[PDB]
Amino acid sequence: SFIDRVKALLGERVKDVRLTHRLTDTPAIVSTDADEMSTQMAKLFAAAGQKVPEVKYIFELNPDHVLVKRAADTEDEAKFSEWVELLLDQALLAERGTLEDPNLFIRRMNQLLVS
């Protein structure tokens, strides 16, 4: 199964993996639970000179999206990974407006753009 296949891949890097029909052009979104470290709170710590507490995100994919459908249809393992990774960074970039490794994102993006 797709969802399980993504959970396996991402392991604990994420709190959970769900499919949301919050239709739009967006293929993926990320969010935190009610009473857990929010991305907004995590930034407050950085802004106060403290190290950023871990944020367990919930990774949600749009099954109606062409890219998510594509991802799911990919048999190859490495390829299937490039997509999940690309979608996760995408959701993360939208959530926090920043990425841990911006260049890695740009690199994997362009790799799927030329292949």
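Numbers follow the displayed sequence, beginning with 1.
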If you average the CA temperature factors as listed in the entry, which stretch comes out higher, 36-44 or 57-65?
36-44
Using the B-factors recorded in the PDB entry, average over the C-alpha atoms of 4-12 and of 104-112, then report which stretch comes out higher.
4-12
Looking at the C-alpha B-factor of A91, is it in the lowest, middle or highest third of its chain?
lowest
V84: which third of its chain by C-alpha temperature factor?
lowest
Would you mind checking where the Cα B-factor of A71 ranks among the modelled residues of its chain, as the lowest, middle or highest third?
middle
